[PDB]
Amino acid sequence: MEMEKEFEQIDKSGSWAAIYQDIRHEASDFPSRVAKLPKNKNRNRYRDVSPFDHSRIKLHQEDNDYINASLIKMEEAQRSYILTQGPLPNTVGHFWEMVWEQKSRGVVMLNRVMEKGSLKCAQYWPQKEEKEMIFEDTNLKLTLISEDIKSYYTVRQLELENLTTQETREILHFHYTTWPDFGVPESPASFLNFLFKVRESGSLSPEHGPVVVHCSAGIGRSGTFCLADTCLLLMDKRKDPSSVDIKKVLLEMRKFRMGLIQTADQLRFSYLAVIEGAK
Ligand SMILES: Cc1sc2ncnc(N(C)C)c2c1C
Ligand SMILES: Cc1sc2ncnc(N(C)C)c2c1C
Ligand SMILES: Cc1sc2ncnc(N(C)C)c2c1C
Ligand SMILES: Cc1sc2ncnc(N(C)C)c2c1C
Ligand SMILES: Cc1sc2ncnc(N(C)C)c2c1C
């Protein structure tokens, strides 16, 4: 169909759960044997969320190359993303090692450190200019350079130093701070504004390594971000924008990481965002 009329037809027929279940039944199943090795148990936040072996990011290490992170490579749209879990106390040094080694320019964070009264990820960046962080396991230093706090998001300028080579790189931290503890936003307007601030920065462009995107598990909000970005780019590239099929794009992305879009409400929100962004 076309998207906006497919949308009203699923709303009127109340069939979001059935459409979402169809996607779950058709999604790819690839092995994740490295994720399940006993030596990696304290590197995974959730036992049911693992990177596939074929698409996992490898750390440049001989002892243990494992991180819970996946490369999503979208061939027609010419976009790549790394989707990862919120870092754990034992994996903050691995996280910044990955940003360094993959030549990323941007980190996109879609969660708060505490939500629903529980910790959803480690405090993995410095909160004050004069109190830098040193990750001794991976030999990196991270400094807060500047902060811009807005109503719906915060952007930070960070300096990452490889202490082995004394090389430095600027990293941009894009923090969406207002996703609700339960459900999805009522309007996609602030999420779309945020997506276009990340684009404007150069963080999604081919002159850099892939953007690093995370939430708590790195599949639900994180999936919504990459799915909306890729669908809007395809609508600009093709002769017939109404040919873009959001369900087919999501199944392509599910070849590279399991579980992207965690609820029927996140699926409806992704349709809403693409429909409103197209205008
Ligand atoms: C430039 C690259 S790619 C790569 N893949 C696996 N291991 C590596 N190590 C640990 C040396 C590397 C390096 C140094
Ligand atoms: C006024 C300026 S110049 C500049 N250059 C790089 N990053 C910045 N951010 C987002 C902290 C800024 C700000 C806020
Ligand atoms: C002069 C420059 S460079 C640059 N890079 C990323 N974002 C920007 N804006 C609009 C927030 C800018 C501006 C205003
Ligand atoms: C020179 C740059 S890079 C960058 N990235 C995100 N936000 C920014 N602004 C406008 C606060 C900037 C600026 C001013
Ligand atoms: C949904 C939004 S907000 C925004 N701000 C600046 N430029 C934009 N375009 C057209 C590239 C947009 C879009 C498409």
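For all residues, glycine too, the Cβ spot is worked out from N, Cα and C.
Here Swiss-Prot flags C215 as active site, phosphocysteine intermediate. The C-beta environment of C215 (active site, phosphocysteine intermediate), restricted to residues of the same chain at least 6 apart in sequence and closer than 8 Å, consists of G86, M109, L110, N111, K120, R221, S222.
According to Swiss-Prot, the feature substrate binding site maps to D181, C215, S216, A217, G218, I219, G220, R221, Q262. Taking Cβ-Cβ distances under 8 Å and a sequence separation of 6 or more, the neighbours of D181 (substrate binding site) in its chain are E115, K116.
Around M1 (N-acetylmethionine), the C-beta neighbours below 8 angstroms that are at least 6 residues distant in the chain are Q9. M1 (N-acetylmethionine) carries neither a helix nor a strand DSSP state and counts as coil. Residues annotated as N-acetylmethionine in Swiss-Prot: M1.
Marked as phosphotyrosine by Swiss-Prot: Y20 (among others). Following the DSSP three-state reduction, the secondary structure of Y20 (phosphotyrosine) is helix.
In sequence order, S32, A35, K36, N44, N68, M258 are the residues of the chain that are 6 or more apart from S50 (phosphoserine) and have a CB within less than 8 Å of its CB. Annotation comment: Swiss-Prot describes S50 (among others) as phosphoserine.
Per Swiss-Prot, the feature phosphotyrosine maps to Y66 (among others); the stated evidence is experimental evidence. Secondary structure at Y66 (phosphotyrosine), as computed by DSSP, is strand.
Annotation comment: Swiss-Prot describes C215 as S-nitrosocysteine, evidence class experimental evidence.
Taken residue by residue with DSSP, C215 (active site, phosphocysteine intermediate) is part of neither helix nor strand, so it is coil. Per Swiss-Prot, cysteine sulfinic acid (-SO2H) is recorded for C215, and the stated evidence type is experimental evidence.
For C215, the entry in Swiss-Prot reads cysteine sulfenic acid (-SOH), with the evidence type experimental evidence.
Taken from Swiss-Prot, the feature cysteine persulfide applies to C215, supported by experimental evidence.
Residues or ranges marked as phosphoserine by Swiss-Prot: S242 (among others). There are 13 other Cβ atoms within 10 Å of the Cβ belonging to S242 (phosphoserine).
What Swiss-Prot records for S243 (among others) is phosphoserine, and it gives experimental evidence as the kind of evidence. DSSP assigns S243 (phosphoserine) to a helix in the three-state reduction.
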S216, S243, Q262 as recorded positions, winner by CB count within 10 A: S216
Residue among recorded positions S216, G220, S242, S243, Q262 with Cα closest to the Cα of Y20 (phosphotyrosine): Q262
Least buried by Cβ count (within 10 Å) of the binding-site residues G218, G220: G220
